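Read through the structure below, which is laid out as structure tokens, and then see the notes.
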Amino acid sequence: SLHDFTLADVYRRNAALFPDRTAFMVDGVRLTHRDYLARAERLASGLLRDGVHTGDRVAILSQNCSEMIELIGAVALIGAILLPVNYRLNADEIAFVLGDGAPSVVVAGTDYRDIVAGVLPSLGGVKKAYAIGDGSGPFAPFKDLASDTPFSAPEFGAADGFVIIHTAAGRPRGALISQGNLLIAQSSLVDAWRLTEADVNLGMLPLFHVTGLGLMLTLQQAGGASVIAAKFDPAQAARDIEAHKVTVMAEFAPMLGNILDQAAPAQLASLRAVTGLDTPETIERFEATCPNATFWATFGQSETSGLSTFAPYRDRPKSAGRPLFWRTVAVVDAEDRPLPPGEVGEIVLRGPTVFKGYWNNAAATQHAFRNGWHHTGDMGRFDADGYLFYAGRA
Amino acid sequence: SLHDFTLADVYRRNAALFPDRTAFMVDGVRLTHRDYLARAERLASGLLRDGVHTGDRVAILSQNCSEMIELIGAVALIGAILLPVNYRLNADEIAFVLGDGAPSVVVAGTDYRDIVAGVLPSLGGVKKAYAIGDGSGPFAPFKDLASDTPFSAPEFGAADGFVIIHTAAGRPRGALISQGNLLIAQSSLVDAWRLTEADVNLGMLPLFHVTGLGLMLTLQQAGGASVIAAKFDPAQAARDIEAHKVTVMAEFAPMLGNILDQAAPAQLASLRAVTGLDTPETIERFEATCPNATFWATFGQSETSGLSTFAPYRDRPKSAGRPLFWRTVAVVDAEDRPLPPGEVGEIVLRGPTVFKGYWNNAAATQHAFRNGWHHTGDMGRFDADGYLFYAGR
Ligand SMILES: [Cl-]
């Protein structure tokens with residue numbers, strides 16, 4: 001414990017150093033660092049009250065909202081494991097994810113109270129269930145979760161599981177990622193983007209996804225702010241960028257293209273750094289429109305706690321960037337021998353950004369970790385300067 | 001160790017991404033990142049040949065030089081523990097320090113062959129003894145450490161001990177610091193000073209000291225370079241700042257004052273960041289002379305892997321700055337209850353920059369770590385913005 005720094009320590013840090021600064025702008029309401037810690041502490045006492053211990057799962061099926069954001073914090077404060085369910089899955093897949101994760105507490109969103117109610121009798125040690133809105137069905141209302149019992153934090157470390165992120169393999173496979181994985185991975189983003197408490201993220205990606213969750217947690221570790229909305233609208237995005245002076249964002253095609261369509265260049269003047277998956281055409285268009293902004297080429301996955309390689313796109317167009325500090329990246333042949341510059345092989349990783357392993361799946365983990373390298377399942381090549389070029393799936 | 005990233009990984013990173021950039025300038029002798037790795041591996045392979053295992057100590061008593069810099073890397077590569085001896089100590093203290101660390105290899109600097117040979121018969125497990133430069137008496141020449149056997153790294157973690165730094169309790173006490181402690185602590189400095197591979201340190205402090213070693217390793221982490229000299233000369237420092245385009249340095253008073261005396265304002269133009277310990281008079285003098293440079297207020301010690309608190313001096317003059325990321329800093333009661341802002345107490349620390357504990361001194365370690373906080377031995381207070389003000393020992 002003495003040598004640990006966790007997300008709990010970030011929330012307390014932000015409440016101490018930047019208490020009155022914005023943490024979140026979410027559905028028309030402002031939440032400061034001081035008030036975020038207070039709300040998270042209340043919900044954390046409630047989870048403890050409900051009988052959640054360190055290592056237990058807390059599930060949420062919900063679109064991005066203030067309740068989800070403060071629940072993320074509450075889970076972090078007691079060393080529990082978040083199970084954010086992908087709401088673009090069908091009722092069978094959701095049932096699988098929930099059963100695979102085995103939560104002690106389930107939280108249903110406004111639009112998802114039905115689907116969750118169907119799954120709930122098939123779940124074992126689920127102690128309490130909540131809904132955001134009101135408790136129509138087997139759920140209590142979410143406001144019942146919070147407790148006034150003064151919060152006393154259980155014992156846990158940064159290496160303990162924090163989140164299970166399922167991505168479809170076949171069956172969905174849950175990637176267990178620690179608090180420390182994320183903090184250390186994201187410290188490199190803070191550095192590359194010169195993030196400070198003045199910075200502002202436009203959180204348009206879902207918080208169940210590694211990039212969405214990761215970008216929020218990144219700005220939070222800088223003491224900065226995220227603008228979070230439930231749904232993506234290109235024109236609303238452009239207005240948010242101007243209104244809140246958004247400096248950074250992550251995006252997947254066609255989001256940036258669609259914002260560029262709907263935005264006057266003058267609305268986007270505060271943008272400094274953008275990343276994600278996009279075409280050379282859109283990236284070059286974006287950089288043309290916004291001369292003071294840089295698009296950042298990247299490769300990563302949930303198993304690598306988000307970003308692994310990163311660089312300004314202009315430094316090496318069509319690449320995925322250079323390996324970040326904390327990451328040793330190689331490209332190997334079928335028997336894990338490192339290949340020379342130019343040759344295509346499997347992208348492999350070592351270091352503290354490698355995830356803990358696959359939930360409920362010793363076989364998949366053993367395969368991922370063969371010969372002491374994490375295996376991405378992705379193909380690529382390095383150039384002479386150590387830039388990675390993504391070459392597809394294996 | 002699938003999950004480990006150590007100093008070894010830094011060297012291999014730098015050789016992969018910045019092979020032809022300067023890693024070091026040691027009295028005009030240039031070393032690139034690729035060459036540094038090549039040299040460190042040959043020395044590490046030689047350390048193994050001599051029978052050094054992970055966790056064994058390699059001692060050095062020397063002023064700053066290229067041999068010492070390469071040795072630090074060799075030791076890092078095999079998970080050994082460096083014992084850099086403070087050369088400003090008397091023969092009794094050096095004897096004590098060398099005995100406390102119980103090294104398996106001893107390296108004597110050219111000026112220190114006699115002191116080290118004095119202590120050598122009293123040491124238990126010394127497999128090999130070397131001297132920097134020409135071989136003399138019990139010492140083989142340092143050049144003999146290198147081996148041509150292809151380097152094969154042992155298994156070790158970032159959390160394993162890496163260096164023992166002795167500071168007086170009167171009797172010297174050795175802080176054991178991991179590779180991980182240093183990398184994580186110094187990553188905050190890379191971030192705060194916007195260090196990239198273009199940056200250049202003027203390493204004027206001894207490498208046995210946490211600030212000196214920390215700065216070298218910080219610039220190395222960023223892929224930058226250090227200009228390192230055996231001794232401090234203010235006039236030479238001014239020339240080096242100009243010739244090598246030094247962007248950053250740490251300094252202890254009166255070093256910066258003396259440089260300012262000897263430098264044309266024009267020679268100091270590349271400088272953008274300075275930290276260390278100095279008077280308000282000299283700091284303001286420096287910032288007046290160099291308008292594009294910033295002096296950074298700081299507090300730290302060996303037991304906190306170097307710097308703990310950091311901020312531009314102008315943001316809160318006479319403070320020690322704000323706690324860095326990775327540090328949980330508080331000021332406490334004698335009962336270890338945290339004090340409200342304003343109240344003077346003992347500076348305490350949690351987090352991954354906290355050292356491993358004192359070498360062979362469980363009583364001192366237990367006292368340092370009481371109630372799950374590391375205790376600095378220093379008094380201070382926080383203001384309402386969370387700036388720390390240092391208030392004595
Ligand atoms: Cl703090």
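By convention here, the chains of the structure tokens are called A, B, ... in the order presented, each chain's residues are numbered starting at 1, and ligands are numbered starting at 1 in the order presented.
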Q) Residues of range 140-200 of chain B in strand (DSSP E or B) according to DSSP, as a count of residues only? A) 18
Q: Could the residues of chain B within 10 Å of chain A, counting only C-alpha atoms, be given as a ChimeraX atom specification, please?
A: /B:1-6,9-10,12-13,16-19,158,181,183-184,187-188,190-196,221-222,322-329,349-356,369-374,384-387
Quick one: residues within 8 Å of residue 197 in chain B, only C-alpha atoms counted, chain neighbours fewer than 4 positions away excluded, as a PDB file with C-alpha atoms, in the first residue's frame?
```pdb
ATOM      1  CA  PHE B  18      17.895   7.469 -31.705  1.00  0.00           C
ATOM      2  CA  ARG B  21      22.260  10.920 -31.310  1.00  0.00           C
ATOM      3  CA  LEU B 219      17.877  12.865 -19.985  1.00  0.00           C
ATOM      4  CA  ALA B 222      14.015  11.053 -22.852  1.00  0.00           C
ATOM      5  CA  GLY B 223      16.643  10.043 -25.444  1.00  0.00           C
ATOM      6  CA  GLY B 224      18.563  13.246 -24.733  1.00  0.00           C
ATOM      7  CA  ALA B 225      22.231  13.762 -23.845  1.00  0.00           C
TER       8      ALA B 225
END
```
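Between CA of residue 259 in chain B and CA of residue 238 in chain B lies a distance of 6.2 Å.
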I want to know what sits within 10 Å of residue 87 in chain B, based on only C-alpha atoms, with residues of the same chain fewer than 5 positions away left out; could you give that as an mmCIF file with N, CA and C atoms, in the first residue's frame?
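Once written, result23.cif looks like this:
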```cif
data_model
loop_
_atom_site.group_PDB
_atom_site.id
_atom_site.type_symbol
_atom_site.label_atom_id
_atom_site.label_comp_id
_atom_site.auth_asym_id
_atom_site.auth_seq_id
_atom_site.Cartn_x
_atom_site.Cartn_y
_atom_site.Cartn_z
ATOM 1 N N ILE B 60 31.980 1.529 -6.845
ATOM 2 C CA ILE B 60 32.827 2.463 -7.578
ATOM 3 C C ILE B 60 33.115 3.647 -6.663
ATOM 4 N N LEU B 61 34.392 4.030 -6.600
ATOM 5 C CA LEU B 61 34.826 5.228 -5.891
ATOM 6 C C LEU B 61 35.601 6.053 -6.893
ATOM 7 N N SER B 62 34.940 7.068 -7.431
ATOM 8 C CA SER B 62 35.455 7.778 -8.587
ATOM 9 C C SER B 62 34.758 9.110 -8.794
ATOM 10 N N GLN B 63 35.498 10.070 -9.337
ATOM 11 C CA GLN B 63 34.896 11.274 -9.892
ATOM 12 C C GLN B 63 34.217 10.908 -11.213
ATOM 13 N N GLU B 93 35.023 6.450 6.748
ATOM 14 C CA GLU B 93 33.685 6.448 6.178
ATOM 15 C C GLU B 93 33.629 5.616 4.892
ATOM 16 N N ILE B 94 34.616 5.795 4.009
ATOM 17 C CA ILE B 94 34.740 4.982 2.791
ATOM 18 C C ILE B 94 34.868 3.497 3.121
ATOM 19 N N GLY B 109 38.580 4.694 -9.004
ATOM 20 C CA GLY B 109 38.958 5.811 -9.867
ATOM 21 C C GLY B 109 40.446 6.097 -9.742
ATOM 22 N N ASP B 111 42.404 8.568 -9.100
ATOM 23 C CA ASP B 111 42.867 9.243 -7.883
ATOM 24 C C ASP B 111 42.580 8.509 -6.569
ATOM 25 N N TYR B 112 41.925 7.354 -6.635
ATOM 26 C CA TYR B 112 41.418 6.708 -5.424
ATOM 27 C C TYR B 112 41.940 5.275 -5.221
ATOM 28 N N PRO B 206 28.110 15.346 -8.784
ATOM 29 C CA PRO B 206 28.660 13.989 -8.763
ATOM 30 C C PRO B 206 27.616 12.900 -9.009
ATOM 31 N N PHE B 208 27.536 9.997 -7.765
ATOM 32 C CA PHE B 208 27.200 9.259 -6.538
ATOM 33 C C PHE B 208 25.989 9.869 -5.826
#
```
Determine which residues of range 139-268 of chain B DSSP labels as helix (DSSP H, G or I) from the backbone of this structure, then write them out as a PDB file with N, CA and C atoms, in the first residue's frame.
```
ATOM      1  N   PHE B 142      40.530  -1.087 -16.137  1.00  0.00           N
ATOM      2  CA  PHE B 142      39.099  -1.147 -16.445  1.00  0.00           C
ATOM      3  C   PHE B 142      38.803  -1.796 -17.803  1.00  0.00           C
ATOM      4  N   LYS B 143      39.666  -1.561 -18.794  1.00  0.00           N
ATOM      5  CA  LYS B 143      39.502  -2.158 -20.137  1.00  0.00           C
ATOM      6  C   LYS B 143      39.348  -3.679 -20.139  1.00  0.00           C
ATOM      7  N   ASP B 144      39.869  -4.339 -19.097  1.00  0.00           N
ATOM      8  CA  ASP B 144      39.757  -5.791 -18.959  1.00  0.00           C
ATOM      9  C   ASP B 144      38.377  -6.291 -18.528  1.00  0.00           C
ATOM     10  N   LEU B 145      37.500  -5.386 -18.077  1.00  0.00           N
ATOM     11  CA  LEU B 145      36.129  -5.758 -17.691  1.00  0.00           C
ATOM     12  C   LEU B 145      35.326  -6.224 -18.891  1.00  0.00           C
ATOM     13  N   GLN B 179      15.287   0.358  -9.935  1.00  0.00           N
ATOM     14  CA  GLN B 179      15.284   0.920 -11.278  1.00  0.00           C
ATOM     15  C   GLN B 179      13.921   1.580 -11.516  1.00  0.00           C
ATOM     16  N   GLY B 180      12.861   0.879 -11.116  1.00  0.00           N
ATOM     17  CA  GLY B 180      11.486   1.334 -11.248  1.00  0.00           C
ATOM     18  C   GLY B 180      11.210   2.620 -10.493  1.00  0.00           C
ATOM     19  N   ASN B 181      11.712   2.718  -9.258  1.00  0.00           N
ATOM     20  CA  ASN B 181      11.657   3.948  -8.479  1.00  0.00           C
ATOM     21  C   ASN B 181      12.145   5.143  -9.304  1.00  0.00           C
ATOM     22  N   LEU B 182      13.329   5.010  -9.909  1.00  0.00           N
ATOM     23  CA  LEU B 182      13.955   6.085 -10.670  1.00  0.00           C
ATOM     24  C   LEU B 182      13.191   6.384 -11.948  1.00  0.00           C
ATOM     25  N   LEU B 183      12.898   5.370 -12.756  1.00  0.00           N
ATOM     26  CA  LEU B 183      12.169   5.597 -14.004  1.00  0.00           C
ATOM     27  C   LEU B 183      10.832   6.335 -13.803  1.00  0.00           C
ATOM     28  N   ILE B 184      10.072   5.915 -12.793  1.00  0.00           N
ATOM     29  CA  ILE B 184       8.751   6.477 -12.583  1.00  0.00           C
ATOM     30  C   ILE B 184       8.881   7.898 -12.058  1.00  0.00           C
ATOM     31  N   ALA B 185       9.836   8.120 -11.157  1.00  0.00           N
ATOM     32  CA  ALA B 185      10.022   9.423 -10.534  1.00  0.00           C
ATOM     33  C   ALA B 185      10.451  10.447 -11.563  1.00  0.00           C
ATOM     34  N   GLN B 186      11.327  10.009 -12.459  1.00  0.00           N
ATOM     35  CA  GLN B 186      11.960  10.885 -13.425  1.00  0.00           C
ATOM     36  C   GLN B 186      11.074  11.145 -14.634  1.00  0.00           C
ATOM     37  N   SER B 187      10.092  10.275 -14.850  1.00  0.00           N
ATOM     38  CA  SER B 187       9.116  10.478 -15.928  1.00  0.00           C
ATOM     39  C   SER B 187       8.333  11.797 -15.729  1.00  0.00           C
ATOM     40  N   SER B 188       8.098  12.157 -14.479  1.00  0.00           N
ATOM     41  CA  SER B 188       7.500  13.448 -14.111  1.00  0.00           C
ATOM     42  C   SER B 188       8.336  14.664 -14.499  1.00  0.00           C
ATOM     43  N   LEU B 189       9.659  14.501 -14.465  1.00  0.00           N
ATOM     44  CA  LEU B 189      10.613  15.526 -14.868  1.00  0.00           C
ATOM     45  C   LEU B 189      10.656  15.664 -16.385  1.00  0.00           C
ATOM     46  N   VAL B 190      10.710  14.530 -17.092  1.00  0.00           N
ATOM     47  CA  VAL B 190      10.550  14.506 -18.547  1.00  0.00           C
ATOM     48  C   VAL B 190       9.276  15.273 -18.966  1.00  0.00           C
ATOM     49  N   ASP B 191       8.152  14.961 -18.321  1.00  0.00           N
ATOM     50  CA  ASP B 191       6.895  15.663 -18.592  1.00  0.00           C
ATOM     51  C   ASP B 191       7.000  17.157 -18.223  1.00  0.00           C
ATOM     52  N   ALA B 192       7.477  17.485 -17.018  1.00  0.00           N
ATOM     53  CA  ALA B 192       7.462  18.886 -16.554  1.00  0.00           C
ATOM     54  C   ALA B 192       8.351  19.812 -17.397  1.00  0.00           C
ATOM     55  N   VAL B 210      22.169  11.510  -5.632  1.00  0.00           N
ATOM     56  CA  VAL B 210      20.878  11.226  -6.285  1.00  0.00           C
ATOM     57  C   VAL B 210      20.476  12.236  -7.384  1.00  0.00           C
ATOM     58  N   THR B 211      20.774  13.517  -7.151  1.00  0.00           N
ATOM     59  CA  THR B 211      20.459  14.583  -8.103  1.00  0.00           C
ATOM     60  C   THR B 211      21.296  14.439  -9.361  1.00  0.00           C
ATOM     61  N   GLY B 212      22.603  14.211  -9.191  1.00  0.00           N
ATOM     62  CA  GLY B 212      23.500  13.953 -10.330  1.00  0.00           C
ATOM     63  C   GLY B 212      23.165  12.722 -11.164  1.00  0.00           C
ATOM     64  N   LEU B 213      22.945  11.595 -10.490  1.00  0.00           N
ATOM     65  CA  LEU B 213      22.606  10.359 -11.178  1.00  0.00           C
ATOM     66  C   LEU B 213      21.205  10.464 -11.803  1.00  0.00           C
ATOM     67  N   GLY B 214      20.275  11.062 -11.049  1.00  0.00           N
ATOM     68  CA  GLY B 214      18.879  11.242 -11.478  1.00  0.00           C
ATOM     69  C   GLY B 214      18.745  12.057 -12.744  1.00  0.00           C
ATOM     70  N   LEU B 215      19.452  13.187 -12.794  1.00  0.00           N
ATOM     71  CA  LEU B 215      19.483  14.013 -14.006  1.00  0.00           C
ATOM     72  C   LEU B 215      20.038  13.312 -15.229  1.00  0.00           C
ATOM     73  N   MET B 216      21.127  12.548 -15.063  1.00  0.00           N
ATOM     74  CA  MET B 216      21.693  11.804 -16.187  1.00  0.00           C
ATOM     75  C   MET B 216      20.689  10.786 -16.717  1.00  0.00           C
ATOM     76  N   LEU B 217      20.062  10.050 -15.795  1.00  0.00           N
ATOM     77  CA  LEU B 217      19.114   9.016 -16.164  1.00  0.00           C
ATOM     78  C   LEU B 217      17.823   9.585 -16.780  1.00  0.00           C
ATOM     79  N   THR B 218      17.367  10.725 -16.248  1.00  0.00           N
ATOM     80  CA  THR B 218      16.233  11.485 -16.817  1.00  0.00           C
ATOM     81  C   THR B 218      16.451  11.867 -18.290  1.00  0.00           C
ATOM     82  N   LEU B 219      17.589  12.496 -18.596  1.00  0.00           N
ATOM     83  CA  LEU B 219      17.877  12.865 -19.985  1.00  0.00           C
ATOM     84  C   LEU B 219      18.034  11.633 -20.847  1.00  0.00           C
ATOM     85  N   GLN B 220      18.611  10.574 -20.274  1.00  0.00           N
ATOM     86  CA  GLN B 220      18.732   9.312 -20.991  1.00  0.00           C
ATOM     87  C   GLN B 220      17.374   8.657 -21.281  1.00  0.00           C
ATOM     88  N   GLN B 221      16.445   8.731 -20.331  1.00  0.00           N
ATOM     89  CA  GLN B 221      15.049   8.273 -20.500  1.00  0.00           C
ATOM     90  C   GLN B 221      14.322   8.954 -21.646  1.00  0.00           C
ATOM     91  N   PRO B 234      33.180  27.112 -13.466  1.00  0.00           N
ATOM     92  CA  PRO B 234      32.125  28.054 -13.884  1.00  0.00           C
ATOM     93  C   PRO B 234      32.325  28.620 -15.294  1.00  0.00           C
ATOM     94  N   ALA B 235      33.573  28.955 -15.618  1.00  0.00           N
ATOM     95  CA  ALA B 235      33.946  29.467 -16.932  1.00  0.00           C
ATOM     96  C   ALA B 235      33.832  28.395 -18.017  1.00  0.00           C
ATOM     97  N   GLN B 236      34.254  27.167 -17.700  1.00  0.00           N
ATOM     98  CA  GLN B 236      34.075  26.026 -18.612  1.00  0.00           C
ATOM     99  C   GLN B 236      32.598  25.673 -18.824  1.00  0.00           C
ATOM    100  N   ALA B 237      31.817  25.756 -17.747  1.00  0.00           N
ATOM    101  CA  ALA B 237      30.380  25.491 -17.782  1.00  0.00           C
ATOM    102  C   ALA B 237      29.652  26.443 -18.745  1.00  0.00           C
ATOM    103  N   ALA B 238      30.001  27.728 -18.680  1.00  0.00           N
ATOM    104  CA  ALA B 238      29.491  28.747 -19.604  1.00  0.00           C
ATOM    105  C   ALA B 238      29.828  28.421 -21.053  1.00  0.00           C
ATOM    106  N   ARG B 239      31.089  28.049 -21.306  1.00  0.00           N
ATOM    107  CA  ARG B 239      31.544  27.599 -22.637  1.00  0.00           C
ATOM    108  C   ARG B 239      30.773  26.365 -23.138  1.00  0.00           C
ATOM    109  N   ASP B 240      30.548  25.396 -22.239  1.00  0.00           N
ATOM    110  CA  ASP B 240      29.815  24.155 -22.565  1.00  0.00           C
ATOM    111  C   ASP B 240      28.357  24.400 -22.845  1.00  0.00           C
ATOM    112  N   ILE B 241      27.747  25.289 -22.058  1.00  0.00           N
ATOM    113  CA  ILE B 241      26.345  25.648 -22.266  1.00  0.00           C
ATOM    114  C   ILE B 241      26.173  26.202 -23.685  1.00  0.00           C
ATOM    115  N   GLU B 242      27.085  27.085 -24.103  1.00  0.00           N
ATOM    116  CA  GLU B 242      27.081  27.608 -25.471  1.00  0.00           C
ATOM    117  C   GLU B 242      27.429  26.559 -26.538  1.00  0.00           C
ATOM    118  N   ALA B 243      28.564  25.866 -26.377  1.00  0.00           N
ATOM    119  CA  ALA B 243      29.035  24.880 -27.371  1.00  0.00           C
ATOM    120  C   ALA B 243      28.090  23.700 -27.587  1.00  0.00           C
ATOM    121  N   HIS B 244      27.510  23.188 -26.503  1.00  0.00           N
ATOM    122  CA  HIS B 244      26.667  21.993 -26.582  1.00  0.00           C
ATOM    123  C   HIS B 244      25.166  22.274 -26.528  1.00  0.00           C
ATOM    124  N   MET B 255      26.917  27.377  -7.376  1.00  0.00           N
ATOM    125  CA  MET B 255      27.294  27.013  -8.748  1.00  0.00           C
ATOM    126  C   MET B 255      26.707  27.954  -9.801  1.00  0.00           C
ATOM    127  N   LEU B 256      25.414  28.261  -9.691  1.00  0.00           N
ATOM    128  CA  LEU B 256      24.724  29.068 -10.698  1.00  0.00           C
ATOM    129  C   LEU B 256      25.182  30.526 -10.630  1.00  0.00           C
ATOM    130  N   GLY B 257      25.346  31.036  -9.403  1.00  0.00           N
ATOM    131  CA  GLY B 257      25.903  32.367  -9.146  1.00  0.00           C
ATOM    132  C   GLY B 257      27.259  32.545  -9.803  1.00  0.00           C
ATOM    133  N   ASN B 258      28.119  31.540  -9.651  1.00  0.00           N
ATOM    134  CA  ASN B 258      29.462  31.568 -10.225  1.00  0.00           C
ATOM    135  C   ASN B 258      29.483  31.445 -11.741  1.00  0.00           C
ATOM    136  N   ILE B 259      28.552  30.664 -12.286  1.00  0.00           N
ATOM    137  CA  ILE B 259      28.389  30.579 -13.739  1.00  0.00           C
ATOM    138  C   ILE B 259      27.952  31.935 -14.287  1.00  0.00           C
ATOM    139  N   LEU B 260      26.978  32.558 -13.617  1.00  0.00           N
ATOM    140  CA  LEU B 260      26.431  33.851 -14.030  1.00  0.00           C
ATOM    141  C   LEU B 260      27.498  34.952 -14.058  1.00  0.00           C
ATOM    142  N   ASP B 261      28.386  34.938 -13.059  1.00  0.00           N
ATOM    143  CA  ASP B 261      29.599  35.758 -13.028  1.00  0.00           C
ATOM    144  C   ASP B 261      30.485  35.604 -14.256  1.00  0.00           C
ATOM    145  N   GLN B 262      30.605  34.376 -14.752  1.00  0.00           N
ATOM    146  CA  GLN B 262      31.571  34.076 -15.805  1.00  0.00           C
ATOM    147  C   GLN B 262      30.987  33.997 -17.199  1.00  0.00           C
ATOM    148  N   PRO B 265      25.619  36.775 -20.936  1.00  0.00           N
ATOM    149  CA  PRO B 265      24.202  36.458 -21.198  1.00  0.00           C
ATOM    150  C   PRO B 265      23.938  35.743 -22.534  1.00  0.00           C
ATOM    151  N   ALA B 266      24.715  36.093 -23.554  1.00  0.00           N
ATOM    152  CA  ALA B 266      24.629  35.465 -24.875  1.00  0.00           C
ATOM    153  C   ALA B 266      25.016  33.975 -24.901  1.00  0.00           C
ATOM    154  N   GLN B 267      25.949  33.569 -24.036  1.00  0.00           N
ATOM    155  CA  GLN B 267      26.393  32.158 -23.960  1.00  0.00           C
ATOM    156  C   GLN B 267      25.325  31.222 -23.367  1.00  0.00           C
ATOM    157  N   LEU B 268      24.396  31.797 -22.603  1.00  0.00           N
ATOM    158  CA  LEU B 268      23.419  31.033 -21.835  1.00  0.00           C
ATOM    159  C   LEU B 268      22.074  30.943 -22.527  1.00  0.00           C
TER     160      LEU B 268
END
```
Write out as a PDB file with C-alpha atoms, in the first residue's frame the residues lying within 7 Å of range 173-179 of chain A, counting only C-alpha atoms and excluding same-chain residues fewer than 6 positions away.
```pdb
ATOM      1  CA  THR A   6      -3.955   4.362  -7.783  1.00  0.00           C
ATOM      2  CA  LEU A   7      -6.898   6.227  -9.413  1.00  0.00           C
ATOM      3  CA  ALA A 158      -2.447  -0.614  -8.464  1.00  0.00           C
ATOM      4  CA  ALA A 159      -1.721  -4.086  -9.937  1.00  0.00           C
ATOM      5  CA  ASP A 160      -5.177  -5.380  -8.969  1.00  0.00           C
ATOM      6  CA  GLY A 161      -7.854  -5.823 -11.661  1.00  0.00           C
ATOM      7  CA  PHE A 162      -9.870  -2.686 -12.427  1.00  0.00           C
ATOM      8  CA  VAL A 163     -11.876  -3.246 -15.615  1.00  0.00           C
ATOM      9  CA  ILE A 164     -12.959  -6.147 -17.839  1.00  0.00           C
ATOM     10  CA  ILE A 165     -13.319  -5.041 -21.464  1.00  0.00           C
ATOM     11  CA  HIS A 166     -14.956  -7.582 -23.729  1.00  0.00           C
ATOM     12  CA  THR A 167     -14.114  -7.607 -27.437  1.00  0.00           C
ATOM     13  CA  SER A 302      -7.377  -3.115 -24.763  1.00  0.00           C
ATOM     14  CA  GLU A 303      -4.746  -5.779 -23.991  1.00  0.00           C
ATOM     15  CA  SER A 305      -4.151  -0.670 -22.053  1.00  0.00           C
ATOM     16  CA  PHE A 355      -2.904  -6.324 -19.357  1.00  0.00           C
ATOM     17  CA  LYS A 356      -3.405  -8.948 -16.626  1.00  0.00           C
ATOM     18  CA  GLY A 357      -4.881 -11.616 -18.932  1.00  0.00           C
ATOM     19  CA  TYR A 358      -8.265 -12.785 -20.257  1.00  0.00           C
ATOM     20  CA  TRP A 359     -11.089 -13.189 -17.725  1.00  0.00           C
TER      21      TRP A 359
END
```
Q. In Å, how far is it from CA of residue 11 in chain B to CA of residue 70 in chain B?
A. 11.2 Å
Q: Give the answer as one residue: which of B:366, B:348, B:250, B:390 has the shortest atom-to-atom distance to ligand 1, using only C-alpha atoms and all ligand atoms?
A: B:348
**Q.** Å distance separating CA of residue 42 in chain A from CA of residue 11 in chain A, one decimal place
**A.** 13.5 Å
Q) Counting only C-alpha atoms, what is within 8 Å of range 46-59 of chain B, bar same-chain residues fewer than 2 positions away, as a PyMOL selection string? A) chain B and resi 42-44+61+74-75+78-85+98+101-107+127-128+145-147+154-156+160-162
Writer output for current selection, C-alpha atoms, as a CSV table (one decimal), in the first residue's frame:
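After the write, again12.csv holds the following:
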```csv
chain,number,residue,atom,x,y,z
B,42,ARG,CA,30.3,-5.8,-23.2
B,43,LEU,CA,30.9,-4.6,-19.7
B,44,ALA,CA,27.8,-6.4,-18.3
B,61,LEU,CA,34.8,5.2,-5.9
B,74,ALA,CA,26.4,-2.5,-17.3
B,75,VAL,CA,25.1,-2.9,-13.7
B,78,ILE,CA,22.2,-7.6,-15.1
B,79,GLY,CA,20.1,-6.4,-12.2
B,80,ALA,CA,23.1,-5.7,-10.0
B,81,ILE,CA,23.2,-3.0,-7.4
B,82,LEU,CA,25.5,0.0,-7.8
B,83,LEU,CA,27.4,1.2,-4.8
B,84,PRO,CA,28.7,4.6,-5.8
B,85,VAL,CA,30.9,5.9,-3.0
B,98,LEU,CA,32.4,-0.3,1.2
B,101,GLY,CA,27.5,-2.7,0.7
B,102,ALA,CA,29.8,-5.8,0.6
B,103,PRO,CA,30.6,-5.5,-3.1
B,104,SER,CA,31.5,-8.4,-5.5
B,105,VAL,CA,33.4,-6.1,-7.9
B,106,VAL,CA,35.2,-2.9,-6.8
B,107,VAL,CA,36.2,-0.2,-9.3
B,127,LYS,CA,35.8,-11.5,-7.0
B,128,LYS,CA,37.6,-8.8,-9.0
B,145,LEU,CA,36.1,-5.8,-17.7
B,146,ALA,CA,34.8,-5.9,-21.3
B,147,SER,CA,34.0,-9.4,-22.6
B,154,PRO,CA,19.5,-12.6,-16.3
B,155,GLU,CA,15.9,-12.5,-15.1
B,156,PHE,CA,15.1,-9.5,-12.9
B,160,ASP,CA,14.6,-5.0,-7.6
B,161,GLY,CA,17.4,-2.9,-6.0
B,162,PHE,CA,19.6,-0.9,-8.3
```
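The residue that comes closest to residue 148 in chain A, out of A:45, A:247, A:104, A:110 and on the basis of only C-alpha atoms, is A:45.
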Q.
With only C-alpha atoms as the counted atoms, please give the residues lying no more than 12 Å from residue 316 in chain A, apart from itself and same-chain residues fewer than 3 positions off, as a PyMOL selection string.
A. chain A and resi 280+295-298+310-313+319-322+382-389
Q: Go through A:270, A:66, A:308, A:211 and flag the residue nearest residue 241 in chain A, using only C-alpha atoms for the distances.
A: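 The closest residue to residue 241 in chain A is A:270.
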